[PDB]
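Trainee: Please find one structure pasted underneath; my questions will follow.
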Amino acid sequence: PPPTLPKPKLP
Amino acid sequence: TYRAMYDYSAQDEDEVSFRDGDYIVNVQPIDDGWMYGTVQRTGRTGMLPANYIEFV
Ligand SMILES: [Zn+2]
């Protein structure tokens, strides 16, 4: 499966 | 509702694991990388990688 992108700390 | 295109193992406490073919319900986009949703099969709610899931 593909790489994931950076997480966001919400908001 | 969306459907997973790949298996995924959660990599942090705010994420959820799922399998290819899983229905994901009450999905809310967060940004381009991530969404919130509930994995119907397991009943777990949290963050999912948006690029692993497809709408409808
Ligand atoms: Zn952690």
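Residue numbers (the authors' numbering), protein chains in the order written: chain B, 2245 to 2255; chain A, 958 to 1013. For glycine and all other residues, C-beta sits at the position ideal for the given N, C-alpha and C.
Taking the beta strand (DSSP E) that A:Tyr-1009 belongs to, which residues open and close that run?
Mentor: A:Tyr-1009 -> no beta strand (DSSP E), and no H or E assigned at all.
Trainee: Listed by chain order, which residues have C-beta atoms less than 7 Å from any heavy atom of ligand 1?
Mentor: Having a Cβ closer than 7 Å to some heavy atom of ligand 1 are A:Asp-969 and A:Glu-970.
Trainee: Please report the straight-line C-alpha distance between B:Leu-2249 and A:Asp-988, rounded to a whole angstrom.
Mentor: Roughly 10 Å between the two C-alpha positions.
Trainee: Using a C-beta cutoff of 9 Å, does A:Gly-994 count as contacting chain B?
Mentor: Not one chain B Cβ lies under 9 Å of A:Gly-994.
Trainee: For a test of the three-state rule: what should DSSP assign to A:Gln-968, helix, strand or coil?
Mentor: It is coil, neither helix nor strand.
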